[PDB]
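Asks: Experimental structure and its sequence below.
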Amino acid sequence: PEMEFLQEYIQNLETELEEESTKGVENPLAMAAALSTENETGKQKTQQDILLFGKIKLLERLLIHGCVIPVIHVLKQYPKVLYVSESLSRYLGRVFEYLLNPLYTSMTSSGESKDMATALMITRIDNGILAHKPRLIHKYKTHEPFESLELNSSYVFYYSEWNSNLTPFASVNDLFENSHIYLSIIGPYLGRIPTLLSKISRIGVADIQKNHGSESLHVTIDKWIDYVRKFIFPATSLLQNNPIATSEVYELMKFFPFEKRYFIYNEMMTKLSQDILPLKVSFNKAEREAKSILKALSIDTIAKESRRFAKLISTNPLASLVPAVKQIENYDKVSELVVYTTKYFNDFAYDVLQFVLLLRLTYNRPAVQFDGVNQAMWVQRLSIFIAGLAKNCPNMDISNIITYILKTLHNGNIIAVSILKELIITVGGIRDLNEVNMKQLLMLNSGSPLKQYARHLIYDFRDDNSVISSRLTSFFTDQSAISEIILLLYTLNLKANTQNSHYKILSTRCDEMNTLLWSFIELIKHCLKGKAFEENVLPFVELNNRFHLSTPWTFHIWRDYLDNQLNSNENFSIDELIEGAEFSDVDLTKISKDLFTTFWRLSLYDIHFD
Amino acid sequence: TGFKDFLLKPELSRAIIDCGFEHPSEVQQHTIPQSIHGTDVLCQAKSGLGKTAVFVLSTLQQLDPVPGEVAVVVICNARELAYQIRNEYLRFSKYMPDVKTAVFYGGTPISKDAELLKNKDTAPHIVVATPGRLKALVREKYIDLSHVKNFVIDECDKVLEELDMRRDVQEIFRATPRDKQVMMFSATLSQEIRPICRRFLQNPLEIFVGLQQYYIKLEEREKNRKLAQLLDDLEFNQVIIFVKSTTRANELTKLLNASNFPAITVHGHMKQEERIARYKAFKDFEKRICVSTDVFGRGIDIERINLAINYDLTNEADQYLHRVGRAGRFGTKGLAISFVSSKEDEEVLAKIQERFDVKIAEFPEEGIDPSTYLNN
Amino acid sequence: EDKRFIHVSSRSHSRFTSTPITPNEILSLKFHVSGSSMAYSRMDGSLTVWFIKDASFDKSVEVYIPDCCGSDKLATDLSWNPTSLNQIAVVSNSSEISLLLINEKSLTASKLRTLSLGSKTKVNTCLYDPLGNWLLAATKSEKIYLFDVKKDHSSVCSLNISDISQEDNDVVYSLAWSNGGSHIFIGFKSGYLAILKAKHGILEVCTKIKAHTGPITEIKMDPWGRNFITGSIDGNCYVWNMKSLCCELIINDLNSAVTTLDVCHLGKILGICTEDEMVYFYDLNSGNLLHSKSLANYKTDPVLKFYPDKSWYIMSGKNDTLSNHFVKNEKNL
């Protein structure tokens, strides 16, 4: 056709996508919208001769043979010549795969050098005379560029000198030069060539590992931080159902700082709509596919629907997670169905899920309600989702969520208290002693298997999830947060003695924060059992002097540690009784320190006996 | 915790936090802490307002555990409700390993239940039954009623009225000591049955008694196509579809099960054993879609429903308040959508806005906001 | 193409009015490359080797023997020897690697040897080389062994599993020899694909890639040596080529877990058997999801296996346990 006829077929096809991208029709081919039963109350054939015959067939038959210099000159003049045929992107990928395959087999050398020794065929043997015969193929020539193999014959391209115009290149300084030419034409269109997206990222992981050393790692990492942002990560969003080719891109992204991974993750959700078209159609194809699973999400079909759900969040989790979290802080009984799906995620999905959870915890909303008597209904529904990830799935690093807990407690924040509170009761099995029977209360002080029986009756599971509770404190002791939490819960409770909000509220708020500080101390003594305890927690010769948390709290952390040293040895016995310092709260001038100190030194393990 | 303010045993107040209750009803406010003291009670209240919660919490404080003797006797109306008393007696006593509770009803061999009571590993301190069955056990020396201290008669007006159900409740009262506590509760207590009922009691205590709504103004044949548009636009927890017939109600789920919306059917014209199990799985979150006739209009409390669509609109304003009283329970937001398809339909809403003072506004062509029924 | 019924004693068991369970279970099924033998194994039943000369199936019943591997233990898998036609390397559960011979003239089965390397906890995997010059017996618990066959069955070297991967106590579900006989492809529990070099007697790993996030159930190979196909407990069944070691096709038909994978000797149809008693067929050279057939199997666990010589279809899956053989299925409706 002409050029002013093709430019009005481009605008006719660009409007049709945007009309389906904003709202569009959605599934008219359903058996409810088609059939309506009640018992008692022209230009098409012209636009088929644009693809098959004309300029567009000329422009894609020049890429099959070798002629790249005219096609690059055309597709820089009119870039919207794509969105017309899907075959014009597969042939800019077959040219680029030739220029990179000598490069890719040099870095991953000794594997692929043995993989021409792996690529061998079975020999057809005979039963009667015990022969050993190879296979017989034939070599035919066709006009189709991609190689095939029939039952007995192979189909090779006829024009065997198609590649003599093109030249493969050196290590990295031409791949960063031949990609501004070729990969700026098919910008977000490498999702149709999913094998070429793996081979560029497998170069990038094998380039940092080869340049490991000690010196060239600051510039070699910042080199691929602009090559993943520009045209490797936008090519991933135009992928439909592809779990494996998405993890290869993340394997090169594990070598990045987590701060500049959240810049790429946030760029994809503001350049989504305000910018380039064919991923704007694909971000709206997943949001209407994520919402079609959260409506058909049931407890009987979850065997076949969780594998269908996790496959979608393995491919495009920037789109299928902001819907899926929006129905977590609104409706429960799907929070128990989302965390059963999370056993089938990949490691790319576990990083955006931590980014989406941090995206909702900091969004501008009233955290406290209109009066102040209740917080909100989402802040208690999000905290059973976060504490449900840390128990079931063991492959999810939640260290940025815990770093959110530490910093905001310095300000004074009701979300960080409510995430921390549900973490202790769910991951650990710590229950409060304020409903307890008197017979069970004496049974909880006798150090015995009866102590293990008294927690079995009060439903306090500590011997069951001892592995999962130690992993949770491992995230607290990595950032050295254990001595920071105890001083922050005590300070905020004591700071809440001057705030004037209500009269019955701060008689419950002071009581609830008091049994949170008791509940965190009891998690420390169960996990840090042995020589690891004294390194994290502060010694009380300085816990009472530097800070000033009062004398029942200082002894409460330390009584069980002085117990096991005093029954160890007689030479070990004399060591801890002299272990002491200044006492601010009590004067040992008129109280006899022999009888005063053995009050706090003794528990009820050795006063009573039955 | 409002139920620790009943000043109960610490063992009994543990599972109430695990039971989720926090606010006592007005029927529970007036008759439980006086039943702890040991005097008899006489109660009248509405159905489903916490009538069964009176006698479960009252008897677990009073019982002293004795190996192999019964201490609580409950007589009831049918075989179905006695299975519901058993499931609630164990729930408040999940943390008491010594107590046990079994259920007796008809259709079961009595001598096989005699092996249940003779073996001490299933010999309970609490026995619940219908008096149609509990009369049949004592007449062959199976159970002994000489160590019981609490007697419970639920639905006391509906049991004592029939003369065949009057004879079996009298012999158990003669087979037990009269130095005892007798508890009597029912839903409807008239002036005629209350001189009859006072024969068992000694000094008794007497007790006598938003939502966004929208309608679509459309013609007759667009609403089987508006069904698959209102489903794939709205983000719903669980949906209920109300059909005023049984012929259209079974054609719809065969249309919905092939449109990849799994659903169930519960209404009349079907077995009552199927009506319990199919309504149980809908509460068990087995499926999210159910269609029903006007049986499920009044009284059903399932809080996971927030979208109720009216396939065939009512003729009155006294049935419509019941169908949309299910969605948006206890301050939750919900939606009420009605299909206007007849001439008498527009007169129904014209009397609704003047009676209930509620403005059923017009459906906007752009659709509703997603943040007015989730966030707001 | 017509339905013809398989004539073992399993059809006589169900034809009688026998209530509880008529045969019991199927453990393994392997073919020799000659394509006339069979190793039809059971749990407490019989491991029945077969030799049918000319007819379809109605010529002769060869041998059923319960007391072949003893009378106390069971056999996990039966490896046939590519070199010797009369040799089948059966490995029992606890401590027996015995080597049996079959006789066609007599109604018996004799044993050549029973060799064992000590501290053998449980060997569950035995498979020869495609040319028949090695034997890698691999435990799912401690380590992997390596022997020979051409001189005798003598040990050479062994590798401990904890040097391959470093996460946790991993289980080896299935492993597969390369097609040249020079590499080992092994499938872990957490979705690791490790490639071991086994040239003659040295056992060293090359690289490990993350296939997916589940127990890799089966690994098969293409008779033209272009690609290899893996399975999963997810719905994924990728197709990895060998010259570049990347993915080409994706069979995303995620309706259940994957249990059994087979290819054809020409390399065209991929047969996937899931856990919802549904089987499929696909294409390798063509696009992603292009079925040729789907078949609903009944209530019990089926097995699927392809002949090495000509395309003939072995399924199981009758009312309790029986195999079905579909003759002349070049079109399959």
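Replies: Okay, I see it. Numbers count the residues shown, from 1 in each chain, chains lettered A, B, ... in the order given.
Asks: Next up, the contacts around the residue in chain C that chain B sits nearest to.
Replies: Residue nearest to chain B within chain C: residue C:255 (13.2 Å; CB to the nearest CB). In short, each C-beta sits where N, CA and C put it, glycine included. Counting by CB atoms under 8 Å, 6 or more residues apart in numbering or on different chains, residue C:255 makes contact with A:304, C:235, C:274, C:276, C:278.
Asks: Return the distance of it relative to residue A:24.
Replies: Counting by CB to CB, to the nearest Å, the gap from residue C:255 to residue A:24 is 28 Å.
Asks: Please apply the same query to residue A:488.
Replies: In terms of CB to CB, residue A:488 sits 51 Å off from residue A:24.
Asks: Considering the contacts of residue C:255, which is situated nearest to residue C:6?
Replies: Distance to residue C:6 across the contacts of residue C:255 (CB to CB) is lowest for residue C:278, with 21.5 Å.
Asks: Look up which residues are beta-bridged to the closest one.
Replies: Per DSSP bridges, the residues bridged to residue C:278 are residue C:296.
Asks: My guess is it contacts residue C:291. True?
Replies: No. When contacts are counted by CB atoms under 8 Å, residue C:278 is not listed as touching residue C:291 (11.3 Å).
Asks: Who has more neighbours out of these two?
Replies: residue C:278 (16 against 11; other CB atoms under 10 Å in any protein chain shown).
Asks: mind listing what that one touches?
Replies: Applying CB under 8 Å, 6+ apart, the residues contacting residue C:278 are C:255, C:256, C:294, C:295, C:296, C:297.
Asks: from what I can see residue B:2 touches residue B:25, true?
Replies: No. Using CB under 8 Å, residue B:2 is not in contact with residue B:25; the gap is 10.4 Å.
Asks: between these two, who's got more neighbours?
Replies: residue B:25 (15 against 12).
Asks: how near is the nearest residue to the more buried one once chain neighbours are set aside to residue B:28?
Replies: In space, and not counting its chain neighbours, residue B:25 is closest to residue B:50: 3.8 Å by CB to CB, 6 or more residues apart in numbering or on different chains. According to CB to CB, residue B:50 stands 5 Å off from residue B:28.
Asks: Show me how the record splits chain B into domains.
Replies: B:1-207, B:212-376 (curated CATH domains).
Asks: in the stretch 51-200 of chain B, what residue is nearest chain A?
Replies: residue B:95 (6.4 Å).
Asks: coming back round to it: between residue A:488 and residue A:24, who's got more neighbours?
Replies: Counted by other CB under 10 Å, residue A:488 and residue A:24 do not tie: residue A:488 has more neighbours, with 18 against 13.
Asks: Point me to the helix or strand that includes that one.
Replies: helix A:482-495 (DSSP states H and E).
Asks: so residue C:30 touches residue C:37, yeah?
Replies: No. Counting by CB under 8 Å, residue C:37 is not a contact partner of residue C:30; they are 9.1 Å apart.
Asks: shared neighbours, these two?
Replies: With CB under 8 Å, 6+ apart, residue C:30 and residue C:37 have common neighbours residue C:80.
Asks: Neighbours of the one residue in chain C that gets nearest to chain A, how many?
Replies: Chain C approaches chain A most closely through residue C:180 (3.8 Å), counting by CB to the nearest CB. By the measure other CB under 10 Å, the count of residues near residue C:180 is 18.
Asks: I'd like to know how many residues surround residue 25.
Replies: I'll assume chain A. 9.
Asks: Hmm, no, I was thinking of chain C.
Replies: For residue C:25, using other CB under 10 Å, the count is 15.
Asks: quick one: it and residue C:43 touch, right?
Replies: Yes. Counting by CB under 8 Å, residue C:43 is a contact partner of residue C:25 at 3.7 Å.
Asks: contacting residues around the residue in the stretch 251-376 of chain B positioned nearest to chain C?
Replies: Residue nearest to chain C within the stretch 251-376 of chain B: residue B:260 (13.2 Å; CB to the nearest CB). Contact analysis of residue B:260 by CB under 8 Å, 6+ apart lists residue A:296.
Asks: check which helix or strand covers it.
Replies: Remark: residue B:260 resides in no helix or strand, with elements defined by DSSP H and E.
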